[PDB]
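Let me begin by presenting the structure, written as structure tokens, before commenting on it.
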Amino acid sequence: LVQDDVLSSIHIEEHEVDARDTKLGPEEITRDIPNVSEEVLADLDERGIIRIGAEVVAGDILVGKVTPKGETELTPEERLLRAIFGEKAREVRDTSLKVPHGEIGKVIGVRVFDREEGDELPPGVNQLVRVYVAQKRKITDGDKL
Amino acid sequence: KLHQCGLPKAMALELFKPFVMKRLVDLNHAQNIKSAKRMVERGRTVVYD
Amino acid sequence: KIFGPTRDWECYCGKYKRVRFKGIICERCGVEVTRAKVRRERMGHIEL
Amino acid sequence: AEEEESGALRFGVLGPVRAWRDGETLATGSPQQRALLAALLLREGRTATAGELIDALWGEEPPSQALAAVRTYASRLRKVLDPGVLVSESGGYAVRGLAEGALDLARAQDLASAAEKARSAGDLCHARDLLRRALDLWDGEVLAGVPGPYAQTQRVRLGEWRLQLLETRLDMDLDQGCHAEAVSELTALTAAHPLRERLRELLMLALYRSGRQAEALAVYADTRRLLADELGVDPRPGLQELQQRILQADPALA
Amino acid sequence: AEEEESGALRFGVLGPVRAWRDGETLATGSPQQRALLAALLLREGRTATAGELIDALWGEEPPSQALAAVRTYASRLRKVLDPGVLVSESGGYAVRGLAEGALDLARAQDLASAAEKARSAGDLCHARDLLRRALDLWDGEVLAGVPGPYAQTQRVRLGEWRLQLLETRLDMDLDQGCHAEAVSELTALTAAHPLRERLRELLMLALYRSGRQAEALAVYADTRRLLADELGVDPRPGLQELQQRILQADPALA
Amino acid sequence: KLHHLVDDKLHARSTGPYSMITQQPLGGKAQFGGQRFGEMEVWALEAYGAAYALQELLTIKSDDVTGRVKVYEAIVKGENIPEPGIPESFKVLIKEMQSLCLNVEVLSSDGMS
Amino acid sequence: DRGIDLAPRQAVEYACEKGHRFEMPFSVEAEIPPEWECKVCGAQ
Amino acid sequence: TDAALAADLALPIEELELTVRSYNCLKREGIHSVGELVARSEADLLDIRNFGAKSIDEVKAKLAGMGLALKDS
Amino acid sequence: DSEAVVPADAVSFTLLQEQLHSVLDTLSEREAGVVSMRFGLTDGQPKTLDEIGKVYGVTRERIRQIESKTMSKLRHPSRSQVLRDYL
Amino acid sequence: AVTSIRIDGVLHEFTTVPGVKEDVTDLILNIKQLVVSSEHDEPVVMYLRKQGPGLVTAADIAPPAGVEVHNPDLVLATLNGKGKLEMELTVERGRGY
Ligand SMILES: [Zn+2]
């Protein structure tokens, strides 16, 4: 019942985030995520979207959203470290939509709603993205039958 | 046995996370606490050992 | 001014941003520079 | 000169910061004024608050009544620049209305992205021309003579980014077959940069494919001696691996 | 002499550093300010700050009046040169208003690029003439009487560049069949520079091409014993391939 | 095959988001919340007579703004667990009783607090 | 918080019309205000 | 003296402080430690290309300063 | 709530505090001293090149050059893995 | 057994190939019953190309030298007039599941 694909099911989960216009500035859906390695953002699109059919696991970057800025109070230790490595001029914050813990799936669809286009959006937000991840769950221990 | 219970890998890894970080630092599989946390979140095989 | 600073070691008028000179009364607004958790313990009152 | 559009306003940050209106230079002003202009520019027209601008220009110890100093710096910018190019939003300033190619940093970013795309596409001449255009942007050290911890951070970041640009450029030069100029300029750079290991590995692979061996291993021995004297550790294993594969006279590189 | 424009200011750094106006040299003066002028000239118009100038010129330990000494050297050059050539920007000193072809290094680089384009286009004689004119601009030793560690680094860089230009001109001359002067030049430089192995490889190619064989093998044995005595690697696969092609009497090389 | 899938039931937490009105952890699987140690659980631990495990499950593993950080530091650095402090919910109870015009004051052996 | 020196403090005495006297801690570099709100009754 | 022998086997070739010729000759063959050269016999380093008798004498004097000797010597 | 201090963040900050002093002690005493007098650390306010040139008594160029040398040494990848992941 | 495939115009096993009545997951199910023998220890790429209406089966596949299909009657999918199927089935050797 595992090898012959008898008791298995496709489970599709939708998960969304929206880039809004807060008081400090507009949230941006961008690829240039700060303080992260290049291999993490390898599967993102030019505008910061995970590609269709890209296998994704827990903790991975789905859509790259950065907050515009935050009250900055760098500690002298972090200031000295910043001098050695250098940091982004923007000083944006990592609030991108990640995969929840213990989730594995294949991205089967992304829906983007833009305020600049004809799409209608709730007040405040500038754009919105929804990602569907689909996993073919086989039968395992603890599954109730 | 009567005194045993079977915890899953992910659940036991999440419960014992700081102990796993300390042991990873002690067994020099991670340079520091941040690297140990990154290895625990990534879920490598040495973390499970 | 009554319930303590909502920030950490800051005050209302924007002056006294650092941590070094903690525990002082700002002359502009009266906000004592201290931790934000003081707002969990500091109360006021209403005169009827 | 082919992109000199009428009414186009050009800004220079990759070297000494400057303003150019249709070809004529503008008096930027005091070094702190120049650093404020650079801080407002590098955010790609994002609104920076006055307190954050103070933190970028001066750091941890500002004088008490010197918010009006930033106010008069912004007023002097609006004197020098257009009334509408610098806008005031939420108590801060933002340099808006900038077209494409106006900022040299954005031009360098686009040129580097195009070079990477042509590397992915395998085009050597096009990416070589793109990097030649990129290297003709900055003049001298970046952010010359400006104070501030933000200015220092941008200086060191852009210097490191220029270092990786030179590394990729000259790795491509060794890929295409430019021996002489690469050997000469990397000798100059490693004379300027004594402890940069990547440039010294580039010297090793360049001299291994250029017919010169004695000064290569002399530089390598000096590298190990200086790295042991100044740090007390061992160099990176890739350098030792490439030196070992050089020692066995592998014809793959030749 | 055909490009001697009236009022044109030219500079020479490929040999002793000098300034010429209408064919008449200018009083450069002290070697220290000569080194400063060379440091400003060798950046190809890129701005240089005062602090990096001090670090390049005086090395690691400047005395207590470095900034004022650099300032008075720049002032002496301001009386010596045109006021509009030497400018002060962002706390640094730069050389502007430089005409095309006035600088010997820039002219040599342009002639080298034109020679490379002609070689890619097949015009060997035009490339040879252009880079011969470029090589005629070297006035003996590079940076004569120019102190400072940066002066040594620039001397090494320009000497390596000149040696590589001589090397490529020599291979072009061997391909053109003008081996008579090439043999003498190669022998003179190998007496001057035994360390270069590519130059000795071109010498071996000339020896095999002109028609004598046994003394060419003596030259190869001399290179092998020098390599074994000083450094001790086996001969490189390119050199061994050339040697075995010479021993097999390859008609393609002849 | 029922929809009580094991991939959705399983949830674990060592340290995650904390609530705001009281500083205990919040609840739920999606928000990385902790299991509830209700009143009957506390009765069971008193019936065992394990004062220390009950105290650390009530004061260390929740409801202490400074105990949790110190215990995490002690586990990471390998040293022994620090002594538990005072739960925050008791302080919130004292503050809410004080604003109903009740002079609820703690007393030590020597005097007040 | 380990090794930090507080800005020097002076306790300035304020008295209201109703007789309430209280001390407020201010910095030495600070400008002392002649007017304050009474902690006891809220008066001048 | 066992710790001293371990230290004399453990240090890299760069502390051996001889000329670049024999150092390059031994590094080409893959020898990077003093103990690796000690474990090799005499015919092992007289089979090295471009390794003359002066190189052998210099190496022998070098290890003689350190107090240890070759294998089968 | 966002004002709640994350235990992992505080542990990382404390480990950064312990590691930065160790990597400073890895360097020479004089270089570590001038770095700690130049970029915050021991003393909250960061003293400028001018403000430290009286207690130590050299030129602006010498102190600037040794500061640049310390920055280049700390930028070398050997002393980077102990602090790169600390951000 | 077949261990991986690649359908042209398909990025994941939850799409539908334009012009077949069976979705890609049903294609996975039909491929999983295809019994094969591979002499090569390394994986081998087999090719299945079909254009136009018809019934694509295991007899329509192209087995390389050393790799043989053994049930050519196994139906794989159906194609209407605008159907076009191109798969590159990777076959490997092993034991068990
Ligand atoms: Zn205030």
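What number of residues within the range F:10-43 are within 30 Å of A:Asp141 (Cβ to Cβ), hydrophobic (A, V, I, L, M, F, W, C) and surrounded by 13 or more Cβ atoms within 10 Å (Cβ to Cβ)?
5
Restricting to the range C:17-36, and then to whatever is within 6 Å of the ligand (Cβ to nearest atom) and either crowded, with 17+ Cβ neighbours inside 10 Å or of a type in the set (D, E, K, R) (or both), can you tell me which residue is farthest from the other protein chains (Cβ to nearest Cβ)?
By that ranking, first place goes to C:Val31.
Return the residues of the range E:189-234 that are under 27 Å from H:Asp47 (Cα atoms) and either touching a residue at least 60 places away in the same chain (Cβ under 8 Å) or of a type in the set (D, E, K, R) (or both); say none if nothing qualifies.
Correct list: E:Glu197, E:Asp222, E:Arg224, E:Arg225, E:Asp229, E:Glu230, E:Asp234.
Return the total of residues in the range D:14-35 being under 18 Å from D:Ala102 (Cβ atoms) and among the aliphatic types (A, V, I, L, M).
4
Per-residue answers, yes or no, for (1) in a loop (DSSP other than H, G, I, E, B); (2) over 28 Å from D:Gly51 (Cα atoms); (3) touching a helix residue (DSSP H, G or I) at 6+ places or on another chain (Cβ under 6 Å):
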site	(1), (2), (3)
D:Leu98	yes, no, no
D:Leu105	no, no, no
D:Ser113	no, yes, no
D:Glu116	no, yes, no
D:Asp129	no, yes, no
D:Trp138	yes, yes, no
D:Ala144	yes, no, no
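Within the range D:63-99, take every residue that is of a type outside the set (A, V, I, L, M, F, W, C) and within 14 Å of chain A (Cβ to nearest Cβ) and give me the one that is surrounded by the fewest Cβ atoms within 10 Å (Cβ to Cβ).
Across the range D:63-99, the extreme among qualifying residues is D:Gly91.
For the range C:1-16, how many residues are in contact (Cβ under 8 Å) with a residue 24 or more places away in the chain, touching a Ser or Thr at 6+ places or on another chain (Cβ under 9 Å) and either within 11 Å of the ligand (Cβ to nearest atom) or among the small types (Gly, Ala, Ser) (or both)?
2
I'd like the full set of residues that are in a loop (DSSP other than H, G, I, E, B), more than 13 Å from the chain's Cα centre (by Cα) and under 17 Å from J:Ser4 (Cβ atoms), limited to the range J:42-73.
Listed by number, the residues that qualify are J:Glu42, J:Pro43, J:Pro64.
Of all residues in the range D:6-26, which are over 23 Å from the mean Cα position of the chain (by Cα), without any contact (Cβ under 8 Å) to a residue 40 or more places away in the chain and surrounded by 11 or more Cβ atoms within 10 Å (Cβ to Cβ)?
Passing the criteria: D:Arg21, D:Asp22.
Could you please give the count of residues in the range I:38-87 that are touching a residue at least 12 places away in the same chain (Cβ under 8 Å), of a type in the set (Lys, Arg) and in a loop (DSSP other than H, G, I, E, B)?
Of the residues in the range I:38-87, 0 are touching a residue at least 12 places away in the same chain (Cβ under 8 Å), of a type in the set (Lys, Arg) and in a loop (DSSP other than H, G, I, E, B).
For A:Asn35, all conditions in the list (1) free of Cβ contacts under 8 Å to residues at least 40 places away in the same chain; (2) surrounded by fewer than 17 Cβ atoms within 10 Å (Cβ to Cβ); (3) within 14 Å of chain I (Cβ to nearest Cβ) hold save one; what is the number of the exception?
Result: A:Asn35 fails condition (1) only.
From (1) within 30 Å of A:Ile12 (Cα to Cα); (2) in a loop (DSSP other than H, G, I, E, B), pick out the condition that doesn't hold for J:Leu27.
So J:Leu27 meets the others, but not (2).
Here's a check for you: in the range E:163-176, which residue that is within 11 Å of another protein chain (Cβ to nearest Cβ) and either of a type in the set (A, V, I, L, M, F, W, C) or touching a residue at least 60 places away in the same chain (Cβ under 8 Å) (or both) is nearest to E:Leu111 (Cα to Cα)?
E:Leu165
Specify the residue that is nearest to the chain's Cα centre (by Cα); the eligible residues are those in the range A:88-145 that are within 14 Å of chain F (Cβ to nearest Cβ) and among the acidic types (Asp, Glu).
Only one residue fits best here, namely A:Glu103.
Name every residue in the range E:27-76 that is charged (D, E, K, R) and either over 20 Å from the mean Cα position of the chain (by Cα) or not in a helix (DSSP H, G or I) (or both), in order of residue number.
E:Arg43, E:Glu44, E:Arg46, E:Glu52, E:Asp55, E:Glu60, E:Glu61, E:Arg71, E:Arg76
Any idea how many residues of the range H:1-33 are out of contact with any strand residue (DSSP E or B) (no Cβ under 8 Å at 6 or more places or on another chain) and either assigned to a loop (DSSP other than H, G, I, E, B) or hydrophobic (A, V, I, L, M, F, W, C) (or both)?
16
Cβ: placed from backbone, ideal geometry, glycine included. Neighbour counts: every protein chain shown. Each reported figure results from applying straightforward, stated rules to the coordinates on display, with no laboratory input.
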